[PDB]
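Enquirer: Structure in structure tokens, see below.
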Amino acid sequence: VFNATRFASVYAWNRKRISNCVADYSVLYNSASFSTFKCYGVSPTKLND
Amino acid sequence: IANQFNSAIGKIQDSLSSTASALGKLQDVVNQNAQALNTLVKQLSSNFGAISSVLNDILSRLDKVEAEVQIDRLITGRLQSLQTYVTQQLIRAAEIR
Amino acid sequence: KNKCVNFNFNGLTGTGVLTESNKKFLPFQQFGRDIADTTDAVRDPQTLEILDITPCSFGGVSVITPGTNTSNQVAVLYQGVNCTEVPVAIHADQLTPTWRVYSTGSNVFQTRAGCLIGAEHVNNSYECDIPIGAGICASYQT
Amino acid sequence: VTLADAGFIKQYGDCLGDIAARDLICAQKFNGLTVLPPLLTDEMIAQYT
Ligand SMILES: *[C@@H]1O[C@H](CO)[C@@H](O[C@@H]2O[C@H](CO)[C@@H](O)[C@H](O)[C@H]2NC(C)=O)[C@H](O)[C@H]1NC(C)=O
Ligand SMILES: *[C@@H]1O[C@H](CO)[C@@H](O[C@@H]2O[C@H](CO)[C@@H](O)[C@H](O)[C@H]2NC(C)=O)[C@H](O)[C@H]1NC(C)=O
Ligand SMILES: *[C@@H]1O[C@H](CO)[C@@H](O)[C@H](O)[C@H]1NC(C)=O
Ligand SMILES: *[C@@H]1O[C@H](CO)[C@@H](O)[C@H](O)[C@H]1NC(C)=O
Ligand SMILES: *[C@@H]1O[C@H](CO)[C@@H](O)[C@H](O)[C@H]1NC(C)=O
């Protein structure tokens, strides 16, 4: 998802299923590369729980 | 006078053994007591504007500081749900006294 | 199962005793819910059995005293509690009341109001001194 | 007249497992709402009467 070479244009924005897998969100939130990382019904600190 | 008394007490048994509703003044008290506790348990299911009605869904999902803004909504609405129940019960207790 | 625990199922945190349920969850369900909007049954995500959640035992506690002028001796009533749930109130399962000398027992009594500890049951009837409930009273006497 | 609880000793015997679901008194009790017994039992009221 995040390192795929080609992103979609916003008029035809892409949608990928994430399923039957473990998600370590501490790796995603620890990376300083994200200029914005805003969670709207949950805290990014809790996503691992 | 005795036969009329014995026949009149006979009709108290026949009435109480027949009709379903004669103690309606006492069943109303039980029904009001039960309705007020069932209403008080229903007010736990309300959000009051919090993201959930359940503290475990707030404390699993939010951090220590974003949770308190949700927890205080639930505290404020519940605290008013108890003050309503206890005010209704203090007014209702004076009817029974 | 059958012990008070901090559970967490798929992120659904809580506190309670987990118990073998007889409920019949359809294949699309994961939690059962209460009139209060709290969960009360859950399907285990590793072995697909249904667990009844029940909260860990609790009740009111009430302290019976002849007053500090007469004595510092008191009796304790655990409201709506069977006597067998006070041996469950052992210090290994740390309770909200930190004090526990009552759990020494020998004067445990069962009343319809609750479990009464530190008061001696007697067959003599007297005028009601301190009212305990369900026909029982207590008093400080020789 | 049919009563909805009377404060008589909810032992943790019945209300655990099955009856937790089908009885309003367990939903009340589990949320800190308890009924207390009267001081005079219905036998003591009948002795006075
Ligand atoms: C006063 O009223 C009573 C009934 O309220 C009368 O008693 C009845 O008398 C008739 C015959 O006249 C009997 O068939 C009934 O069985 C009696 N009933 C009872 C309860 O005994 C009584 O006769 C009246 N007396 C006068 C003087 O009028
Ligand atoms: C307190 O709990 C005990 C069980 O731990 C109850 O004892 C049982 O009572 C029933 C009905 O009389 C008997 O059939 C059982 O054989 C008893 N079991 C044992 C191990 O003795 C007792 O009735 C409860 N008392 C109250 C008032 O709740
Ligand atoms: C959990 O592991 C067991 C094997 O130990 C397996 O039978 C079970 O299907 C697993 N749970 C899921 C959701 O697959
Ligand atoms: C108890 O109160 C009485 C006054 O009513 C007083 O004379 C007595 O000394 C008191 N005793 C104690 C132990 O407080
Ligand atoms: C009360 O009386 C019963 C017999 O009816 C007896 O078994 C019991 O030991 C007595 N208790 C006391 C404290 O006297």
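Each chain in the structure tokens gets a letter, A, B and so on, in the order shown; residues start at 1 in every chain, and ligands are counted from 1 in the order they appear.
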Restrict the distance test to only C-alpha atoms, flag each residue of chain C within 10 Å of chain A, and return the flagged residues as JSON, numbers by chain.

Expert: {"C": [8, 10, 11, 12, 13]}

Enquirer: Check every protein, DNA and RNA residue against ligand 5, keep those with an atom at most 10 Å away (counting only C-alpha atoms and all ligand atoms), and present them as a ChimeraX atom specification.

Expert: /C:120-124

Enquirer: For chain B, list the residues within 8 Å of chain D, counting only C-alpha atoms, and write the list as a VMD selection string.

Expert: chain B and resid 23 26 to 27 30 34 37 to 38 41

Enquirer: Using only C-alpha atoms, determine which residues of chain B fall within 8 Å of chain C; present them as a PyMOL selection string.

Expert: chain B and resi 41-45+53-54+56-57+60

Enquirer: Atoms to include: N, CA, C and O atoms. Write the selected residues as a PDB file, in the first residue's frame.

Expert:
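New file out.pdb:
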ATOM      1  N   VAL B  41     -32.188   1.472  34.374  1.00  0.00           N
ATOM      2  CA  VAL B  41     -31.316   0.560  33.609  1.00  0.00           C
ATOM      3  C   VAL B  41     -31.283   0.908  32.119  1.00  0.00           C
ATOM      4  O   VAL B  41     -30.228   0.824  31.500  1.00  0.00           O
ATOM      5  N   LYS B  42     -32.391   1.355  31.520  1.00  0.00           N
ATOM      6  CA  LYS B  42     -32.412   1.830  30.131  1.00  0.00           C
ATOM      7  C   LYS B  42     -31.548   3.070  29.919  1.00  0.00           C
ATOM      8  O   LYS B  42     -30.843   3.118  28.917  1.00  0.00           O
ATOM      9  N   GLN B  43     -31.494   4.020  30.846  1.00  0.00           N
ATOM     10  CA  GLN B  43     -30.617   5.192  30.723  1.00  0.00           C
ATOM     11  C   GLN B  43     -29.110   4.882  30.733  1.00  0.00           C
ATOM     12  O   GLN B  43     -28.308   5.761  30.426  1.00  0.00           O
ATOM     13  N   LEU B  44     -28.681   3.645  31.000  1.00  0.00           N
ATOM     14  CA  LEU B  44     -27.288   3.224  30.803  1.00  0.00           C
ATOM     15  C   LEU B  44     -26.921   3.022  29.332  1.00  0.00           C
ATOM     16  O   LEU B  44     -25.748   3.143  28.979  1.00  0.00           O
ATOM     17  N   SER B  45     -27.902   2.705  28.488  1.00  0.00           N
ATOM     18  CA  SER B  45     -27.705   2.441  27.060  1.00  0.00           C
ATOM     19  C   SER B  45     -27.520   3.701  26.209  1.00  0.00           C
ATOM     20  O   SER B  45     -27.078   3.605  25.066  1.00  0.00           O
ATOM     21  N   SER B  53     -22.002   4.247  24.470  1.00  0.00           N
ATOM     22  CA  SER B  53     -22.611   4.143  25.797  1.00  0.00           C
ATOM     23  C   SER B  53     -21.804   3.278  26.773  1.00  0.00           C
ATOM     24  O   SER B  53     -22.173   3.181  27.938  1.00  0.00           O
ATOM     25  N   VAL B  54     -20.726   2.612  26.344  1.00  0.00           N
ATOM     26  CA  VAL B  54     -19.982   1.633  27.151  1.00  0.00           C
ATOM     27  C   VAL B  54     -18.578   2.140  27.464  1.00  0.00           C
ATOM     28  O   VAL B  54     -17.799   2.386  26.551  1.00  0.00           O
ATOM     29  N   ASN B  56     -15.899   0.578  28.495  1.00  0.00           N
ATOM     30  CA  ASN B  56     -14.876  -0.316  27.948  1.00  0.00           C
ATOM     31  C   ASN B  56     -14.598  -0.074  26.452  1.00  0.00           C
ATOM     32  O   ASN B  56     -13.474  -0.270  25.996  1.00  0.00           O
ATOM     33  N   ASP B  57     -15.577   0.408  25.681  1.00  0.00           N
ATOM     34  CA  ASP B  57     -15.383   0.806  24.280  1.00  0.00           C
ATOM     35  C   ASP B  57     -14.700   2.167  24.139  1.00  0.00           C
ATOM     36  O   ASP B  57     -14.238   2.519  23.062  1.00  0.00           O
ATOM     37  N   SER B  60     -10.796   1.076  25.816  1.00  0.00           N
ATOM     38  CA  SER B  60     -10.014   0.297  24.844  1.00  0.00           C
ATOM     39  C   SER B  60      -9.599   1.119  23.622  1.00  0.00           C
ATOM     40  O   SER B  60      -8.490   0.940  23.134  1.00  0.00           O
TER      41      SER B  60
END

Enquirer: Fewer than 4 positions away in the same chain doesn't count, so skip those; otherwise give me all residues within 7 Å of range 131-137 of chain C, counting only C-alpha atoms, as a PyMOL selection string.

Expert: (chain C and resi 112-113) or (chain D and resi 37-41)
